[PDB]
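Source file target-v1.cif; content: mmCIF, C-alpha atoms.
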data_coords
#
loop_
_atom_site.label_atom_id
_atom_site.label_comp_id
_atom_site.auth_asym_id
_atom_site.auth_seq_id
_atom_site.Cartn_x
_atom_site.Cartn_y
_atom_site.Cartn_z
CA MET A 1 82.43 66.94 132.03
CA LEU A 2 84.42 63.73 132.46
CA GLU A 3 87.93 63.18 131.16
CA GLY A 4 89.20 59.97 129.62
CA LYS A 5 91.55 58.24 127.21
CA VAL A 6 90.44 56.42 124.05
CA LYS A 7 91.09 52.79 124.94
CA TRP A 8 90.60 51.62 121.40
CA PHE A 9 88.53 52.70 118.40
CA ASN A 10 87.60 51.00 115.12
CA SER A 11 87.85 53.75 112.51
CA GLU A 12 86.19 51.70 109.78
CA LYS A 13 83.26 50.68 111.99
CA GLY A 14 83.08 53.93 113.93
CA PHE A 15 82.95 52.83 117.56
CA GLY A 16 85.21 51.99 120.45
CA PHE A 17 85.76 52.52 124.17
CA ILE A 18 86.93 55.33 126.41
CA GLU A 19 88.99 54.31 129.42
CA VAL A 20 88.52 56.18 132.67
CA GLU A 21 90.51 55.32 135.78
CA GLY A 22 87.99 54.48 138.47
CA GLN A 23 84.80 54.00 136.46
CA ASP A 24 84.06 51.27 133.91
CA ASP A 25 85.00 51.86 130.29
CA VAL A 26 82.51 53.85 128.21
CA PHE A 27 81.27 52.77 124.78
CA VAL A 28 81.69 55.58 122.26
CA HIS A 29 80.00 55.76 118.86
CA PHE A 30 81.25 58.13 116.18
CA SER A 31 78.05 60.21 116.37
CA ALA A 32 79.15 61.40 119.82
CA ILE A 33 82.32 63.02 118.48
CA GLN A 34 82.34 66.82 118.49
CA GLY A 35 84.05 69.33 116.27
CA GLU A 36 85.00 69.52 112.63
CA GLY A 37 86.37 66.94 110.22
CA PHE A 38 85.77 63.21 109.90
CA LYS A 39 84.38 61.79 113.14
CA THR A 40 86.97 59.31 114.35
CA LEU A 41 89.30 58.66 117.26
CA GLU A 42 92.71 57.11 117.89
CA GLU A 43 93.79 54.84 120.76
CA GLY A 44 95.20 56.86 123.65
CA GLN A 45 93.57 60.14 122.60
CA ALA A 46 92.70 62.50 125.43
CA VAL A 47 88.96 63.23 125.41
CA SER A 48 86.43 65.11 127.48
CA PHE A 49 82.90 63.80 127.42
CA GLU A 50 79.64 63.08 129.21
CA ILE A 51 77.88 59.79 129.83
CA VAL A 52 74.26 59.58 128.65
CA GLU A 53 72.00 56.66 129.57
CA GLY A 54 68.71 55.80 127.92
CA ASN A 55 67.09 52.39 127.57
CA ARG A 56 70.23 50.92 125.98
CA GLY A 57 72.49 51.81 128.90
CA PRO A 58 75.31 54.33 129.20
CA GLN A 59 77.49 55.51 126.34
CA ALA A 60 79.64 58.52 125.61
CA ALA A 61 78.24 61.81 124.43
CA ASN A 62 79.68 65.24 123.67
CA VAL A 63 83.13 63.78 123.04
CA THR A 64 85.79 66.40 122.41
CA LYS A 65 89.39 65.53 121.58
CA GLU A 66 91.88 67.41 123.74
CA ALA A 67 95.59 68.11 123.75
#

Write the structure described by the file as structure tokens, please.
Amino acid sequence: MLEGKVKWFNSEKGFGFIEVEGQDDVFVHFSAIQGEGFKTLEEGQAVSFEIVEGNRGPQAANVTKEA
């Protein structure tokens, strides 16, 4: 897994970006968010995740919020 920080997220629209030092930022859609409750994220949140790339390019997957 990769580790990152939520750079920003639009709760109403349900997407945003994960910052990772070193690599480019990673687009994250709310469907990638793991766990219970309403799928959303806050700026600066610690997350673990994977990058998945199909014909639309890379985006986050398997996003878990961490302490």

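Residues matched by the PyMOL selection byres ((chain A and resi 66) around 9) in this structure: residues 45, 46, 47, 48, 64, 65 and 67 of chain A.
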
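Across the structure, atom CA of residue 29 of chain A and atom CA of residue 59 of chain A are spaced 7.9 Å apart.
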
Just how far from atom CA of residue 15 of chain A is atom CA of residue 55 of chain A, in Å to one decimal? 18.8 Å

Which residues, named as in the file, does the PyMOL selection byres ((chain A and resi 17) around 7) pick out? Answer as a ChimeraX atom specification. /A:6-9,16,18-19,25-28

May I have the residues from that selection written out with C-alpha atoms, as a PDB file, in the coordinates of the input?
ATOM      1  CA  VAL A   6      90.440  56.420 124.050  1.00  0.00           C
ATOM      2  CA  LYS A   7      91.090  52.790 124.940  1.00  0.00           C
ATOM      3  CA  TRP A   8      90.600  51.620 121.400  1.00  0.00           C
ATOM      4  CA  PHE A   9      88.530  52.700 118.400  1.00  0.00           C
ATOM      5  CA  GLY A  16      85.210  51.990 120.450  1.00  0.00           C
ATOM      6  CA  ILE A  18      86.930  55.330 126.410  1.00  0.00           C
ATOM      7  CA  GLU A  19      88.990  54.310 129.420  1.00  0.00           C
ATOM      8  CA  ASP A  25      85.000  51.860 130.290  1.00  0.00           C
ATOM      9  CA  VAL A  26      82.510  53.850 128.210  1.00  0.00           C
ATOM     10  CA  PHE A  27      81.270  52.770 124.780  1.00  0.00           C
ATOM     11  CA  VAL A  28      81.690  55.580 122.260  1.00  0.00           C
TER      12      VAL A  28
END

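Straight-line separation from atom CA of residue 34 of chain A to atom CA of residue 60 of chain A: 11.3 Å.
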
Could you list, as a VMD selection string, every residue matched by the PyMOL selection byres ((chain A and resi 62) around 6) in this structure? chain A and resid 32 49 to 50 61 63

Need to verify the contact set: residue 20 of chain A, 8 Å, all atoms listed in the file, exclusion of same-chain residues closer than 6 positions in sequence. Can you return it as a ChimeraX atom specification? /A:3-5,26

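In terms of minimum interatomic distance to residue 58 of chain A, A:24 ranks closest within A:1, A:36, A:24, A:13, counting only C-alpha atoms.
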